[PDB]
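Below sits a lone chain in C-alpha cells, taken as the form deposited in one PDB entry.
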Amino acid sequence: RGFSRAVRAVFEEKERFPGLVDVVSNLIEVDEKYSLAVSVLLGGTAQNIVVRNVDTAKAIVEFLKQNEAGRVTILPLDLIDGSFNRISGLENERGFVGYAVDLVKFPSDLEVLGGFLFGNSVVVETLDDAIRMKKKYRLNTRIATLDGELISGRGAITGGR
C-alpha cells in the first residue's frame, strides 16, 4: 500500500466489497522512457480504484462517508467510457512523440482503462510544440511534454515545479 489512506481503508476491508479489483498505479505498465510525461498526464488517477460494478462503488462511497476515512475516486468498469479516436496527421507534426495509450500497457481484458484514462491525449517534445500544435488542430485533447508540462483539452497550462 504505502499511500492513499483512503484507498488503504477501502482495501483493508476488501471483503466488504466484491467487485473490487485494484488501484490503477498497480495494474499499469509504463515505458520508463516517457514515464514522467505519462505521470503528469495521469495526475491523481494513479490512485483511482477500479471496481467491476457501480454497486460496489456506491458501497465504498457510503462506506467512506460513514467512517469518514477520506475521499476516493472509483472506476466501475461497467460505467466508464474508453472510446477514443486518433487524429490523422498528428504523427507527422514536429515534436510529436505519440499517443498516451500507445505508451502504456494493461492486463489484456482491462484494455478499456487505456482508452478511459487517456483517450487520444498526446505527448510531445516541448511546451512550444504543444502550444503550437494545440493552436493548429484546435485539439480538444490533452497534450503533455516530455518536459512534464501539460495542456488541458480546454487550454489550461500546467508546469514547472
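Just so we're on the same page, rigid core means the largest C-alpha set that superposes within 1.5 Å between forms. Residue numbers run from 1 along the displayed sequence.
Quick note: we don't show the form deposited in another entry, though the next part is all about it.
J.: With the core lined up, does the C-alpha of residue 102 move 2 Å or more between this form and the one not shown?
T.: Moves: no, less than 2 Å.
J.: Any chance the CA of residue 48 moves 2 angstroms or more between this form and the one not shown, core superposed?
T.: After core superposition, the C-alpha of residue 48 moves less than 2 Å between this form and the one not shown.
J.: Inspect the rigid-core superposition and answer whether the C-alpha of residue 111 shifts by 2 angstroms or more between this form and the one not shown.
T.: No, because once the rigid core is superposed, the C-alpha of residue 111 moves less than 2 Å between this form and the one not shown.
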